[PDB]
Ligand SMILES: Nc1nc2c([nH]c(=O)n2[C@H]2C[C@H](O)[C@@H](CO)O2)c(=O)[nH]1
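Take a look at this single chain in structure tokens; it is the form solved without the ligand.
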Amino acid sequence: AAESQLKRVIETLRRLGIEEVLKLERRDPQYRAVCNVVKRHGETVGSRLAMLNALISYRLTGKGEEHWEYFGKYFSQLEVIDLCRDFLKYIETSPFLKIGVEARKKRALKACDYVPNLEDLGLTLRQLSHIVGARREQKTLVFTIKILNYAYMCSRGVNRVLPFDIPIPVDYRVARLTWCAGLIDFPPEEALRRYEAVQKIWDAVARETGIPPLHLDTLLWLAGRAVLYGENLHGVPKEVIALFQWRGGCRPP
């Protein structure tokens, strides 16, 4: 089943080009928040704020979307002076960051002075892995690279396709979608533990479709909104949504 589902996924996602994915990224509320902050604060400060927000985008109790919207509103309308201090204050203030707030502050503090290199995202990922103390493939780090690409694209007014060798950010949602598409036969909880196995599947999809993993992430966001949450944004077509409804209860309420 897993082999035939992988083929179906590839041959369906082949109907979409990388240029269409890049266009969809402009619609992502994460992109919009980042871009609003970069326009307000410039590339260097805005990219650092977006980076720090991405680094602490975990244990959000289902509020990731609201959290990015709040980030964008908070910093788009506020002067930033001492970036580290201002970020730490934001962590304390946010309605969305209350779980483990002290450890969020400590992680942000580790990265507070770090200036990402937006034109060498591979070196940036390696540096972040040392700063944060995580494997390069860990969800929050690869997600941070995606967010940094959003900041770069917005700042420079360009498209830039991410590397194939940076894997997809595997959170419980992505694990659930992978299971819902019949690509794994072990449950989402186990998949999340074994997140590299999930990444390997999406790396095969990436290679065969021409859509790098961090861009496949965009498609999974849209498909997930439709299938898990019942919010059809019409960013992906009906046949893409249907991929993720292979298993019985993979349906909106």
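Shifts are known only where both forms have a C-alpha. Residue indices: 1-based, along the sequence shown. Heads up, when I say rigid core I mean the largest set of C-alphas that superpose within 1.5 Å between the two forms.
One more form of this protein exists, namely the form solved in complex with the ligand; it is left out here, but the text below deals with it.
Visitor: Would you check whether the ligand, in the deposited bound form, lies within 4.5 angstroms of a non-hydrogen atom from each of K39, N149 and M153?
Guide: No.
Visitor: Which of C84, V115, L78, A134 has a heavy atom within 4.5 Å of the ligand in the deposited bound form?
Guide: Going through each option in turn, the one that passes is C84.
Visitor: Could you check which residue among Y195, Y70, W221, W202 gets a heavy atom within 4.5 Å of the ligand in the deposited bound form?
Guide: Contact with the ligand in the deposited bound form is made by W221 alone.
Visitor: Might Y58 be said to contact the ligand in the deposited bound form, defining contact as any heavy atom within 4.5 Å?
Guide: Yes, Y58 is a contact residue.
Visitor: Taking the ligand as it sits in the deposited bound form, is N159 in contact with it (heavy atom to heavy atom, 4.5 Å or less)?
Guide: Output for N159 is no: heavy atoms all beyond 4.5 Å of the ligand.
Visitor: Quick one: is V174 in contact with the ligand in the deposited bound form, heavy atoms, 4.5 Å cut-off?
Guide: Answer yes; at least one heavy atom of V174 falls within 4.5 Å of the ligand in the deposited bound form.
Visitor: State yes or no: in the deposited bound form, is some non-hydrogen atom of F143 no more than 4.5 angstroms from a non-hydrogen atom of the ligand?
Guide: Result yes; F143 sits at the interface with the ligand in the deposited bound form.
Visitor: Out of 70-78, 124-132, 178-186, 165-173, where are the residues with a heavy atom within 4.5 Å of the ligand in the deposited bound form?
Guide: Among the candidates, contact is made by 165-173.
Visitor: Select from 96-118 the residues with a non-hydrogen atom within 4.5 Å of the ligand in the deposited bound form and write them out in sequence order.
Guide: Heavy-atom contacts to the ligand in the deposited bound form: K105, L109.
Visitor: Considering only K63, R194, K200, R32, single out the residue whose C-alpha is displaced by at least 2 Å between this form and the one not shown after superposing the rigid core.
Guide: It is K63.
Visitor: With the rigid core superposed, can you list, in sequence order, the 3+ residue stretches whose C-alpha atoms all shift 2 Å or more between this form and the one not shown?
Guide: This is the sole shifted run between this form and the one not shown: 61-63.
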